[PDB]
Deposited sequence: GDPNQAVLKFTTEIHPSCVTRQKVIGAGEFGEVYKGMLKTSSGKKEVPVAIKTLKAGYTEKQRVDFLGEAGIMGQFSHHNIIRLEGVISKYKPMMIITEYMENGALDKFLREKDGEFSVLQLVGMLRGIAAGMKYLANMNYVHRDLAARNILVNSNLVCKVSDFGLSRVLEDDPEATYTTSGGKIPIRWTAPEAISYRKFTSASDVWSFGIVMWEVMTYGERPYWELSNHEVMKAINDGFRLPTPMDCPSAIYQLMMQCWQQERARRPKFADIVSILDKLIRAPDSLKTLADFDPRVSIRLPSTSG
C-alpha cells in the first residue's frame, strides 16, 4: 500500500466517529479524501484489524469498490485515506432523498453494487456485512462497497435481519450468504431505506423466515426486480442466483428499460 506523508494530508471536518478513532473529510496534496484515524494506545488486535482493512482494500481495483489512496502508518495517529464519497452512506442518503430518483436510477445503483459484489466474490472475499449502511455514494450516483476487514460478530451471538439463515443457524458465511444480503439491499434501495421487517424482533424475523415468509413487494417496484430479490432469499443456497447472474439480469433490464414499467402488485 502507498505510504502517505502527513504533510500531504489535511483533516477538515469529522464525518464519522467511534471509541477508537474518527473519520474525516479532508484534502490530499489537491483532491478531497476520507480519512480514518486510529487513537494512541491501540492494541495489537486493533492495529492488525485497522491496517488489515487497508490491506484488503489495497488488493482491490474495481469501480464499485471504495478506492484506497494510501495509509499513514509510520506516524501517529495512523490513518487510512480513501476517495471521498460526497453523498455518504446509501441508507441515510435514500431516506433523505425519498422519491427523488427514477426506477432506472435505482436499478442502476443496484447493478453497481452487484458488480462490486461479483468482484469481491470472485476475489474469494466474503463480505458478511452487506447492507445499505456499508455502501457509499458519490456525486455520479455510483455505489461502492465499503467496510472491509475480519473484525465482526453476529448480533446476539452484524445484524440478523440482513443475514442468511445458514449464517445465523450454523455460522456458514459464503458469497451465497452475501447474495441473501444483497436481496435485502435491493429491498432497501427500492423502498428508499425502509427498515427490513419493520418492528419485528430478531427472533420474530428468524421464525418468519423459517416458516417461509419473505419481505413484501416495495411500492412501485418492477416485477422483474421483486422476482430477483425473492430468488436471493431462497432457503436453499444452491437455488440463489450468483452475483454473475444478478449482474447479467440487471444489465438486461437497464438496456431494455421499458422492462421496468411492468410493476409487481403492491
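**Q** Numbered from 1 along the deposited sequence, what ranges are absent from the coordinates?
**A** Unobserved in coordinates, per deposited numbering: 1-10, 40-45, 174-184, 294-306.
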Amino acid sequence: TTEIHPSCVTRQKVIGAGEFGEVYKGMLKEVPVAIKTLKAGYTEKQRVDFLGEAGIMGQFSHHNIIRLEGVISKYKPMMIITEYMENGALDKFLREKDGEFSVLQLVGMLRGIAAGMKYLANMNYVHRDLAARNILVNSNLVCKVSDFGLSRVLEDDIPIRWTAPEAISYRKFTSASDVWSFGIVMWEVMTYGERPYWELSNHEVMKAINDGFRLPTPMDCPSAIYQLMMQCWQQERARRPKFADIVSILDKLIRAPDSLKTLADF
From here on, numbers count along this sequence of modelled residues.
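Superpose the two forms; the largest set of C-alphas matching within 1.5 Å is the rigid core.
**Q** Between 221-229 and 66-74, where do the CA atoms move more in 9 other deposited structures of this protein, taking the root mean square over the structures and residues after a core fit?
**A** Result of the core-fitted comparison in 9 other deposited structures of this protein: 66-74 deviates more.
**Q** Do the Cα atoms of 105-113 or those of 78-86 sit farther, on average, from the shown form in 9 other deposited structures of this protein after fitting on the core?
**A** With the rigid core superposed, the C-alphas that lie farther in 9 other deposited structures of this protein are those of 78-86.
**Q** Please report whether at least a third of the other compared entries leave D157 without coordinates.
**A** Result for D157: often missing, at least a third of the compared entries.
**Q** Which is higher on mean Cα B factor in this entry, 246-254 or 20-28?
**A** Higher mean C-alpha B-factor in the PDB entry: 20-28.
**Q** Between 72-80 and 92-100, name whichever shows the higher mean Cα B factor according to the PDB entry.
**A** On average, C-alpha B-factors are higher across 72-80.
**Q** If I read the C-alpha B-factors straight from the PDB entry, which of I158, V185, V145, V179 is highest?
**A** Checking the PDB record, the top C-alpha B-factor among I158, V185, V145, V179 is at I158.
**Q** Highest Cα temperature factor in the entry, among the options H203, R240, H63, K45: which one is it?
**A** Result of the comparison over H203, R240, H63, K45: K45.
**Q** Considering every modelled residue of the chain and its Cα B-factor in the PDB entry, is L51 in the lowest, middle or highest third?
**A** For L51, the deposited C-alpha B-factor lands in the highest third.
**Q** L150: which third of its chain by C-alpha temperature factor?
**A** Its C-alpha B-factor, which the entry lists for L150, ranks in the highest third among residues of this chain.
**Q** Tell me, lowest, middle or highest third: where does the Cα B factor of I35 rank within its chain?
**A** According to the entry, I35 has a C-alpha B-factor in the chain's middle third.
**Q** Using the temperature factors of the C-alpha atoms in this entry, rank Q234 within its chain: lowest, middle or highest third.
**A** Middle third, going by the recorded CA B-factors of the chain.
**Q** Thinking about Cα B factors across the chain, which third does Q227 belong to?
**A** For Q227, the deposited C-alpha B-factor lands in the lowest third.
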